[PDB]
2 protein chains.
Amino acid sequence: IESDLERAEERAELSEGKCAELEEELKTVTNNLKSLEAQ
Amino acid sequence: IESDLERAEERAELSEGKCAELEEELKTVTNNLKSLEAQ
């Protein structure tokens, strides 16, 4: 169970990292889309 | 440790679902950007 928790936590931190870069990517791309559409 | 593991798994499934939703959002926004970039 300790090993289970260990690799579950590894997958956890990978997941939060993924969510972080994907969220900032969405923010940047949405801002760019809005700016371009404003023209 | 079992109590920790159950809730670790539950949040792990939740984070996987959130990652899938974010990936779908990324796909939609990038398709929108590709469509808009034509003109």
# chains A, B, ... in the order shown; residues from 1 in each chain; ligands from 1
$ closest_atom_pairs --of "chain B" --to "chain A" --cutoff "9 Å" --atoms "only C-alpha atoms" --output "tab-separated table"
residue	atom	partner	partner_atom	distance
B:1	CA	A:1	CA	7.1
B:2	CA	A:1	CA	7.5
B:4	CA	A:5	CA	8.1
B:5	CA	A:5	CA	6.4
B:8	CA	A:8	CA	7.2
B:9	CA	A:8	CA	7.5
B:11	CA	A:12	CA	8.7
B:12	CA	A:12	CA	6.6
B:15	CA	A:15	CA	6.7
B:16	CA	A:15	CA	7.3
B:18	CA	A:19	CA	8.1
B:19	CA	A:19	CA	6.3
B:22	CA	A:22	CA	7.2
B:23	CA	A:22	CA	7.8
B:25	CA	A:26	CA	8.1
B:26	CA	A:26	CA	6.6
B:29	CA	A:30	CA	7.6
B:30	CA	A:29	CA	8.1
B:32	CA	A:33	CA	8.7
B:33	CA	A:33	CA	6.7
B:36	CA	A:33	CA	8.2
$ calpha_fit_and_write --fixed "chain A" --moving "chain B" --output "mmCIF file with N, CA and C atoms, in the first residue's frame"
data_model
loop_
_atom_site.group_PDB
_atom_site.id
_atom_site.type_symbol
_atom_site.label_atom_id
_atom_site.label_comp_id
_atom_site.auth_asym_id
_atom_site.auth_seq_id
_atom_site.Cartn_x
_atom_site.Cartn_y
_atom_site.Cartn_z
ATOM 1 N N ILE B 1 0.373 -1.691 -0.473
ATOM 2 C CA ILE B 1 -0.435 -0.476 -0.521
ATOM 3 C C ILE B 1 0.454 0.760 -0.456
ATOM 4 N N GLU B 2 1.556 0.703 0.298
ATOM 5 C CA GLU B 2 2.488 1.827 0.319
ATOM 6 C C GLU B 2 3.119 2.047 -1.052
ATOM 7 N N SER B 3 3.493 0.956 -1.727
ATOM 8 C CA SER B 3 4.050 1.072 -3.070
ATOM 9 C C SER B 3 3.034 1.678 -4.025
ATOM 10 N N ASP B 4 1.768 1.280 -3.896
ATOM 11 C CA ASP B 4 0.720 1.904 -4.697
ATOM 12 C C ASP B 4 0.610 3.392 -4.391
ATOM 13 N N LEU B 5 0.659 3.755 -3.107
ATOM 14 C CA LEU B 5 0.448 5.141 -2.702
ATOM 15 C C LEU B 5 1.547 6.055 -3.226
ATOM 16 N N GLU B 6 2.803 5.612 -3.162
ATOM 17 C CA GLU B 6 3.899 6.480 -3.591
ATOM 18 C C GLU B 6 3.741 6.876 -5.057
ATOM 19 N N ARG B 7 3.529 5.891 -5.929
ATOM 20 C CA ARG B 7 3.323 6.145 -7.349
ATOM 21 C C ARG B 7 1.994 6.834 -7.646
ATOM 22 N N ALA B 8 0.957 6.604 -6.836
ATOM 23 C CA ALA B 8 -0.263 7.389 -6.974
ATOM 24 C C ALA B 8 0.017 8.867 -6.737
ATOM 25 N N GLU B 9 0.773 9.185 -5.685
ATOM 26 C CA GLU B 9 1.113 10.578 -5.412
ATOM 27 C C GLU B 9 1.979 11.163 -6.522
ATOM 28 N N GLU B 10 2.936 10.380 -7.026
ATOM 29 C CA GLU B 10 3.828 10.888 -8.065
ATOM 30 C C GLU B 10 3.051 11.238 -9.331
ATOM 31 N N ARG B 11 2.198 10.316 -9.798
ATOM 32 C CA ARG B 11 1.340 10.641 -10.935
ATOM 33 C C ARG B 11 0.361 11.759 -10.614
ATOM 34 N N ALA B 12 -0.067 11.891 -9.357
ATOM 35 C CA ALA B 12 -0.997 12.961 -9.020
ATOM 36 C C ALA B 12 -0.335 14.321 -9.178
ATOM 37 N N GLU B 13 0.905 14.442 -8.704
ATOM 38 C CA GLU B 13 1.672 15.662 -8.931
ATOM 39 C C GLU B 13 1.880 15.903 -10.421
ATOM 40 N N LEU B 14 2.185 14.842 -11.174
ATOM 41 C CA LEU B 14 2.387 15.002 -12.612
ATOM 42 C C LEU B 14 1.121 15.511 -13.294
ATOM 43 N N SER B 15 -0.033 14.948 -12.933
ATOM 44 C CA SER B 15 -1.292 15.370 -13.533
ATOM 45 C C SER B 15 -1.641 16.796 -13.132
ATOM 46 N N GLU B 16 -1.340 17.181 -11.891
ATOM 47 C CA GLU B 16 -1.556 18.567 -11.488
ATOM 48 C C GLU B 16 -0.700 19.515 -12.320
ATOM 49 N N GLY B 17 0.562 19.149 -12.554
ATOM 50 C CA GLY B 17 1.408 19.972 -13.405
ATOM 51 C C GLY B 17 0.893 20.055 -14.829
ATOM 52 N N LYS B 18 0.425 18.927 -15.368
ATOM 53 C CA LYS B 18 -0.148 18.932 -16.711
ATOM 54 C C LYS B 18 -1.390 19.812 -16.771
ATOM 55 N N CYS B 19 -2.220 19.767 -15.727
ATOM 56 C CA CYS B 19 -3.395 20.630 -15.670
ATOM 57 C C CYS B 19 -2.992 22.097 -15.647
ATOM 58 N N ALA B 20 -1.960 22.436 -14.874
ATOM 59 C CA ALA B 20 -1.493 23.819 -14.842
ATOM 60 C C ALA B 20 -0.992 24.259 -16.212
ATOM 61 N N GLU B 21 -0.228 23.397 -16.887
ATOM 62 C CA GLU B 21 0.264 23.732 -18.220
ATOM 63 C C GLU B 21 -0.890 23.920 -19.198
ATOM 64 N N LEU B 22 -1.889 23.037 -19.136
ATOM 65 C CA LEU B 22 -3.038 23.154 -20.027
ATOM 66 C C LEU B 22 -3.823 24.427 -19.742
ATOM 67 N N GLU B 23 -3.949 24.796 -18.466
ATOM 68 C CA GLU B 23 -4.633 26.036 -18.118
ATOM 69 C C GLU B 23 -3.878 27.246 -18.653
ATOM 70 N N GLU B 24 -2.547 27.226 -18.558
ATOM 71 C CA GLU B 24 -1.756 28.311 -19.131
ATOM 72 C C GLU B 24 -1.949 28.385 -20.641
ATOM 73 N N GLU B 25 -1.977 27.228 -21.306
ATOM 74 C CA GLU B 25 -2.219 27.210 -22.745
ATOM 75 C C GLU B 25 -3.595 27.775 -23.075
ATOM 76 N N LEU B 26 -4.603 27.422 -22.276
ATOM 77 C CA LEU B 26 -5.942 27.966 -22.482
ATOM 78 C C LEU B 26 -5.943 29.479 -22.327
ATOM 79 N N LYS B 27 -5.251 29.987 -21.307
ATOM 80 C CA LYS B 27 -5.180 31.431 -21.112
ATOM 81 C C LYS B 27 -4.534 32.107 -22.315
ATOM 82 N N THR B 28 -3.417 31.553 -22.790
ATOM 83 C CA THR B 28 -2.736 32.151 -23.934
ATOM 84 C C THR B 28 -3.626 32.140 -25.171
ATOM 85 N N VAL B 29 -4.288 31.013 -25.442
ATOM 86 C CA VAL B 29 -5.092 30.919 -26.655
ATOM 87 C C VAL B 29 -6.311 31.827 -26.567
ATOM 88 N N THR B 30 -6.925 31.951 -25.387
ATOM 89 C CA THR B 30 -8.084 32.830 -25.277
ATOM 90 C C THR B 30 -7.679 34.293 -25.383
ATOM 91 N N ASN B 31 -6.508 34.666 -24.856
ATOM 92 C CA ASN B 31 -6.020 36.022 -25.083
ATOM 93 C C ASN B 31 -5.772 36.268 -26.567
ATOM 94 N N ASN B 32 -5.187 35.287 -27.260
ATOM 95 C CA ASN B 32 -4.970 35.430 -28.696
ATOM 96 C C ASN B 32 -6.292 35.583 -29.439
ATOM 97 N N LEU B 33 -7.294 34.783 -29.070
ATOM 98 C CA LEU B 33 -8.598 34.879 -29.717
ATOM 99 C C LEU B 33 -9.239 36.234 -29.460
ATOM 100 N N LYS B 34 -9.137 36.736 -28.228
ATOM 101 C CA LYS B 34 -9.692 38.050 -27.924
ATOM 102 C C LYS B 34 -9.007 39.132 -28.745
ATOM 103 N N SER B 35 -7.680 39.056 -28.868
ATOM 104 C CA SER B 35 -6.961 40.034 -29.678
ATOM 105 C C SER B 35 -7.376 39.951 -31.142
ATOM 106 N N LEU B 36 -7.545 38.735 -31.663
ATOM 107 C CA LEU B 36 -7.885 38.572 -33.074
ATOM 108 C C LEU B 36 -9.324 38.982 -33.363
ATOM 109 N N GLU B 37 -10.218 38.841 -32.384
ATOM 110 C CA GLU B 37 -11.630 39.125 -32.603
ATOM 111 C C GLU B 37 -11.912 40.604 -32.828
ATOM 112 N N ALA B 38 -10.938 41.482 -32.583
ATOM 113 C CA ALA B 38 -11.171 42.909 -32.778
ATOM 114 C C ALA B 38 -11.537 43.214 -34.223
ATOM 115 N N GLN B 39 -10.845 42.590 -35.172
ATOM 116 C CA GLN B 39 -11.123 42.796 -36.588
ATOM 117 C C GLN B 39 -11.178 41.463 -37.326
#
$ decode --residues "chain A" --atoms "N, CA and C atoms" --output "short mmCIF file (atom, residue, chain, number, x, y, z; two decimals), in the first residue's frame"
data_model
loop_
_atom_site.label_atom_id
_atom_site.label_comp_id
_atom_site.auth_asym_id
_atom_site.auth_seq_id
_atom_site.Cartn_x
_atom_site.Cartn_y
_atom_site.Cartn_z
N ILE A 1 0.83 -1.20 0.00
CA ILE A 1 0.00 0.00 0.00
C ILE A 1 0.86 1.25 0.00
N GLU A 2 2.03 1.21 0.64
CA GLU A 2 2.94 2.35 0.59
C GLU A 2 3.43 2.58 -0.83
N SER A 3 3.79 1.51 -1.54
CA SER A 3 4.17 1.66 -2.94
C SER A 3 2.99 2.18 -3.77
N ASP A 4 1.79 1.70 -3.46
CA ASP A 4 0.59 2.18 -4.14
C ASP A 4 0.44 3.69 -3.96
N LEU A 5 0.56 4.16 -2.72
CA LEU A 5 0.45 5.59 -2.46
C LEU A 5 1.57 6.34 -3.17
N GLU A 6 2.76 5.76 -3.23
CA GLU A 6 3.89 6.46 -3.84
C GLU A 6 3.64 6.71 -5.32
N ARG A 7 3.29 5.67 -6.08
CA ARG A 7 3.12 5.93 -7.51
C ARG A 7 1.79 6.62 -7.79
N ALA A 8 0.79 6.48 -6.91
CA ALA A 8 -0.41 7.30 -7.03
C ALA A 8 -0.08 8.77 -6.88
N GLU A 9 0.81 9.11 -5.94
CA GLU A 9 1.22 10.50 -5.76
C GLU A 9 2.07 10.99 -6.93
N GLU A 10 2.90 10.11 -7.49
CA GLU A 10 3.65 10.48 -8.68
C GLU A 10 2.70 10.84 -9.82
N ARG A 11 1.70 9.99 -10.05
CA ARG A 11 0.70 10.29 -11.07
C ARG A 11 -0.06 11.55 -10.70
N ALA A 12 -0.26 11.79 -9.40
CA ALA A 12 -0.93 13.00 -8.96
C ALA A 12 -0.17 14.23 -9.41
N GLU A 13 1.11 14.31 -9.07
CA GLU A 13 1.88 15.51 -9.39
C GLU A 13 2.00 15.67 -10.90
N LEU A 14 2.14 14.55 -11.62
CA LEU A 14 2.11 14.66 -13.08
C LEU A 14 0.79 15.26 -13.55
N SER A 15 -0.32 14.84 -12.95
CA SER A 15 -1.63 15.36 -13.34
C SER A 15 -1.75 16.85 -13.04
N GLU A 16 -1.32 17.29 -11.85
CA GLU A 16 -1.45 18.72 -11.55
C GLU A 16 -0.54 19.54 -12.45
N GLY A 17 0.66 19.04 -12.76
CA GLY A 17 1.51 19.75 -13.71
C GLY A 17 0.85 19.87 -15.07
N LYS A 18 0.30 18.76 -15.57
CA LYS A 18 -0.39 18.78 -16.85
C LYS A 18 -1.52 19.80 -16.84
N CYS A 19 -2.36 19.77 -15.80
CA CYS A 19 -3.45 20.73 -15.69
C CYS A 19 -2.91 22.15 -15.69
N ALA A 20 -1.78 22.38 -15.02
CA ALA A 20 -1.24 23.73 -14.96
C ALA A 20 -0.84 24.24 -16.34
N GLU A 21 -0.02 23.48 -17.07
CA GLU A 21 0.43 24.02 -18.35
C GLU A 21 -0.73 24.08 -19.34
N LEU A 22 -1.66 23.13 -19.26
CA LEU A 22 -2.79 23.18 -20.17
C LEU A 22 -3.70 24.37 -19.86
N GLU A 23 -3.90 24.69 -18.58
CA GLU A 23 -4.73 25.83 -18.23
C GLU A 23 -4.09 27.13 -18.69
N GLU A 24 -2.78 27.29 -18.48
CA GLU A 24 -2.14 28.52 -18.94
C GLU A 24 -2.14 28.59 -20.47
N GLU A 25 -2.01 27.45 -21.14
CA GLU A 25 -2.11 27.43 -22.60
C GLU A 25 -3.50 27.87 -23.06
N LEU A 26 -4.55 27.37 -22.40
CA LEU A 26 -5.91 27.82 -22.72
C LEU A 26 -6.06 29.31 -22.49
N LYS A 27 -5.52 29.82 -21.38
CA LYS A 27 -5.63 31.25 -21.11
C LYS A 27 -4.97 32.06 -22.23
N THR A 28 -3.74 31.69 -22.59
CA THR A 28 -3.02 32.44 -23.62
C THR A 28 -3.73 32.36 -24.96
N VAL A 29 -4.19 31.17 -25.35
CA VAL A 29 -4.80 31.01 -26.66
C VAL A 29 -6.14 31.74 -26.71
N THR A 30 -6.90 31.71 -25.62
CA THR A 30 -8.16 32.44 -25.58
C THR A 30 -7.92 33.94 -25.67
N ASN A 31 -6.91 34.45 -24.96
CA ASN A 31 -6.59 35.87 -25.06
C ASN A 31 -6.19 36.24 -26.49
N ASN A 32 -5.37 35.40 -27.13
CA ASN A 32 -4.97 35.67 -28.51
C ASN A 32 -6.18 35.66 -29.44
N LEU A 33 -7.07 34.69 -29.27
CA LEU A 33 -8.26 34.61 -30.11
C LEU A 33 -9.13 35.84 -29.93
N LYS A 34 -9.34 36.28 -28.69
CA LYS A 34 -10.15 37.47 -28.45
C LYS A 34 -9.50 38.70 -29.07
N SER A 35 -8.19 38.85 -28.91
CA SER A 35 -7.51 40.01 -29.48
C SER A 35 -7.62 40.01 -31.00
N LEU A 36 -7.42 38.86 -31.64
CA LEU A 36 -7.54 38.78 -33.09
C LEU A 36 -8.96 39.08 -33.55
N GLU A 37 -9.96 38.54 -32.84
CA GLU A 37 -11.34 38.78 -33.22
C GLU A 37 -11.73 40.23 -33.04
N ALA A 38 -11.12 40.92 -32.07
CA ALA A 38 -11.43 42.33 -31.87
C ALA A 38 -11.09 43.15 -33.11
N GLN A 39 -9.93 42.89 -33.71
CA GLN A 39 -9.44 43.62 -34.88
C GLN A 39 -9.90 45.07 -34.92
#
